[PDB]
Every structure is written in structure tokens, then in C-alpha cells.
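Summary of the model geometry
Chain by chain, the residues run as shown.
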Amino acid sequence: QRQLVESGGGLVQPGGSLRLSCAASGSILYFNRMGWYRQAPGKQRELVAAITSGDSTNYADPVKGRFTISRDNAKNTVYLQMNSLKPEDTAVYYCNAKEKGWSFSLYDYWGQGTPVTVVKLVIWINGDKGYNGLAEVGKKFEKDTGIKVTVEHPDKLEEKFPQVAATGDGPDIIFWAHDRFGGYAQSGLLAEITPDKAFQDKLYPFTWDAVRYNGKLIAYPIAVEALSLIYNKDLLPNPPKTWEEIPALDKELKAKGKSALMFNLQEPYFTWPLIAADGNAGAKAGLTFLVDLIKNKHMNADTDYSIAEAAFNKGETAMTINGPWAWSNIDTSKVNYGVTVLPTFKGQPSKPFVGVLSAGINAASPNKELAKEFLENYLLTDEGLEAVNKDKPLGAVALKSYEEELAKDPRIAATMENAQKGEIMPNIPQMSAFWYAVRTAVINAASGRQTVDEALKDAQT
Ligand SMILES: OC[C@H]1O[C@H](O[C@H]2[C@H](O)[C@@H](O)[C@@H](O)O[C@@H]2CO)[C@H](O)[C@@H](O)[C@@H]1O
């Protein structure tokens, strides 16, 4: 009898290629039509290509321009050269042949089927982090498996993820501080994390608590993040221990064509430590001081991450407020820098919010088990976290094995100092609305629109 046998089905990276081949146990000359049909999980049969005895070739609009149906009557084989592959292609590919009998009737013949998988691992992490290093981990993953690991860093990913991941595909794995994850968990945008005891035991038990919402693990903890006072040792050997002595220092420095302190005033995460130093009466005190700095022309009105960073690295400002991630760019520059305790306000310390960098798996992802493999066996390893850390520092890693190395770093000590003086952010769904309320409040008071008393009024509502 006549039997069709398909081959060439495997795993590939989008943009890659695959040659399917279907050999018959009889001459193709006898066939009228030969063609390729595909079936994806839970869907109807979809013709992709066909070739008639008359040498005419037809294709479906999705594959048109990308796929070519070929035939070799010597080898008694029909081919499907699939170029520039996409995730929509992923399906079981079947070979079909039609034969007119001697009489009026015809015969349809089918094959076993050949599986084609187009898989890409996509990761969303912020641009201020070590995406290049995260890619080096992803490159080792592809060597040991065959899956592509692209690393993306889009603007406003914290508020682009819940919109795109809900409707569209978005990323497989999302990287952000633990505070944003409760809102994703409530909305149903994250898969429940199920790590075995042995993996679980590799990380500090306090770190796991930050990535827990209603008794379910919603992410993998990576590292603890806290803002510190970054200062130029040459321009300022004995930096301010108090916030209230910065105006004096600024007067001194402005005479020599230099600023005292430049940091991101737009993002409320950077201004919150000063606001929360005393506490309400504490928020009113802390903000009024911040307002007086802009009013006394000590700080610029629209001071953002880029002009603050650049100014410090250039050697224009004596101080800056930033996280572990910012250190590598300073090292690149020729600035003898120091990382230390944040200045105190009204005697009491400035309480910076503490973030736990965490990796979560998107609920609407087909690569949930592949991402778990990447996160556990490749990223959350000594070797894996090292790679990320040499690009842009992670801070105080969640890995137990890294304690000695963390403790040997003076900047980590300063980070941990500030983290103890601060507090970990609750993961709750209301954090988004809270942060927005503070973001507006600080900008309005900074520019000169709303009063300090009226800012806390609108923010408490
Ligand atoms: O600015 C408010 C913003 O702050 C925090 O985001 C930090 C993030 O945690 C850090 O890793 C760093 O990259 O900067 C961000 C602020 O610029 C909160 O995690 C976030 O929810 C909040 O929107």
C-alpha cells in the first residue's frame, strides 16, 4: 500500500528555519495534489500549502511570502521550507496526498504528523538594571536547551505589563520590585510559584515573605534594594550626616561652580526617605524642607534620573541618592565615590523604602515550565547572579551562598544600613494608587502649584 512518512519537526527560534519532508511509498506522479496541513492545540485543520500535478502552488495568507512548497519526483518527496518562523506557526504539521482512481472516485492519504515548536523566552526588566548580564545567563540557557532568551527593557513597564499581559501576550517573566506584584496577583496576571524544598532552601526565608500574597508565592526573590547616599570623596571627604546642613554646604560649593546634591525628584521613591524621616506632622516637615531646597535655588525644579546621574558622574555634584544598580556607571567614570547612610532629618533617620527585586511568571504564558527552569537552575545560582551583578549591581542578593561576598563589599554595608533604617513595602493592590498620589503631590509642590498642606489632603483621599 501507499504510506506517507513526515520528518524534520523540531524546536526553533522565531526568525529561524525548518525543512519538513514527506516521503511516500509510491510514485508522486500518481498523485493529483500534495500538501501540508497544520493543527495547533485545540484548533481546526488549517491548510498552509499545496502543490498540484500541474506544478501550481497555493498558500494560506499567514504563511504566504515565508513558506515554499517544493517537490522532488525522484526522491518521491514533498517539502515545506519554513523560513522566518513565528510563534503563530507552532503546530503539528501533517502531509496530505490525493489520487484519482482509474474510475471516477479519489483517495485521500495522510501521514503520522510532525511537531514544529517555535519558542522564544522573553523577559521584561527595567533599563536601570543589568539586562546585558541577564542576557549572558540567557545565552548559557540556549546552549544547554535550545530556547532563545531575549531581554527587553521598555519604558513604563510597571504600568505597561498589566495592560499588555492581560489582553495580548506580553512577557513570559516580569522583573520588578515586590510592591507592584500584589496588584498583578489580585488581577490574576501571575501564575502561582511552586518551587521544591531544596530550591526554596537556597534563599533567605525573609525574602520569600515579600513575594507572598494570600498564602501563595507569586514571584522568585532576587535581591534586596535600598537607596544610599552616593558621594564624591574628592569634592566632599566628610559628607553631611544631617539633611539640615546641606544648604550651608551648597552655598560653599556653588561658589566653586559645583552643586551639593542632585537626585531624581520626579520619581517619589527617591524623595520618600526625606518625607518619611519623622513620620501627618512628619510628612509636612519633610516635604516643606524639600520645597525650601527648590525655593532657595539649591536644587533644580525638573531634576530627573538622567541629569542627576550624568552630573554626578561628570563631577558637577558632590552627592546623589541612588541604588546598587547605579554604581557600575560611576566606576566607568573617573569619580572616587563613596556609598553611605542617608542624611538624618530632625535628628531621626530618613526611612527609605525597601524593595525586593522579584521575577514573576505571566499567567497567560505557554512557557511556564521553561521559565521555571531558567529562573531556578540558571538565574538563581551563584554563577547566574554573578553575571547580572558584574553588569549592574543587584544589591543584597537573596541567595544564601552569597553572604560572604556581600559582606566583603563596603557599598553593600551602606545599603543594608539604609535598609534597616527604612522598611519593606507592602505588596498590596493599593500600592499603585498610593505611588501615583505621592508622585503628583511631590511634583505639584516642587513646581509651585499646590501648597504642602493641600498636597497631603489630596493624597490621603
Ligand atoms: O518612584 C516610585 C516607584 O518606586 C519604586 O520603583 C523603583 C524600583 O523599585 C527601583 O528598582 C528603581 O529602579 O526605581 C524605581 C523608581 O524609579 C517602586 O518599586 C514602584 O512601584 C514605584 O512606582
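This deposited entry lists X-ray crystallography as its structure determination method and 3.40 Å as its resolution.

UniProt annotates the chain under Function with the comment "Part of the ABC transporter complex MalEFGK involved in maltose/maltodextrin import. Binds maltose and higher maltodextrins such as maltotriose." In its Sequence similarities section, the UniProt record describing the chain reads: "Belongs to the bacterial solute-binding protein 1 family."

**Topic: the overall build of the chain**
Looking only at helices and strands, one finds 16 helices and 22 strands in the chain. Taking 23 Å as the expected radius of gyration for a compact globule of 461 residues, we find that the chain reaches 30 Å, considerably beyond that expectation. By principal-axis analysis of the C-alpha atoms, the chain measures approximately 105 × 45 × 45 Å. Out of the 461 residues in the chain, the part that is buried amounts to 51%. In the chain, 50 side chains carry a positive charge and 54 a negative one; their mean positions are 4 Å apart.

**Notes on helix α2 (residues 157-167)**
Among the residues of α2, those classed as buried are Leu157, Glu158, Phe161 and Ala165. Along the axis of α2, the buried positions cluster into a sector of 85°, meaning they face one direction only. Residues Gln163 and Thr167 are exposed on α2 and point more than 90 degrees away from its buried face. On its buried side, α2 packs onto β12 (120-124), β14 (173-177) and α3 (181-187).

**Concerning the environment of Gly10**
Here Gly10 is to be found in the loop between β1 (4-7) and β2 (11-12). On the accessibility criterion, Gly10 (24% relative accessible area) is partly exposed. Taking the C-alpha atoms as reference points, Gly10 and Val118, 108 residues apart in sequence, are found 8.5 Å from one another.

Each value, and the rule that gives it
In this document, every chain is numbered from 1 following its sequence as written, which may not correspond to the numbering used in the entry; residues for which no coordinates exist are not shown. A larger assembly contains the chains shown, and all values are computed for the shown part only. Side-chain metrics rest on all non-hydrogen atoms present in the structure, leaving aside hydrogens and water. UniProt positions are given in the numbering used here, feature names are shortened, and annotations may be inferred rather than shown by experiment. By definition, any uninterrupted DSSP run of H or I lasting at least four residues is a helix, any uninterrupted run of E lasting at least two residues is a strand, and each is numbered from the N terminus. For the radius of gyration, the atom set is restricted to C-alpha positions; the globular benchmark scales as 2.2 Å times the number of residues to the power 0.38. Only protein chains enter the accessibility calculation, which uses a 1.4 Å probe. A residue is then buried if its area is under 20% of the maximum for its type, exposed if over 50%, and partly exposed in between. Just so you know, the count uses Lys and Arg for positive and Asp and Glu for negative, and it drops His and the chain ends. A charged residue contributes its charge at one atom only: NZ of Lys, CZ of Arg, CG of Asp or CD of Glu. Think of it as the arc spanned by the lines of direction from the helix axis to the C-beta atoms. We call two residues contacting when some pair of their heavy atoms lies within 4.5 Å.

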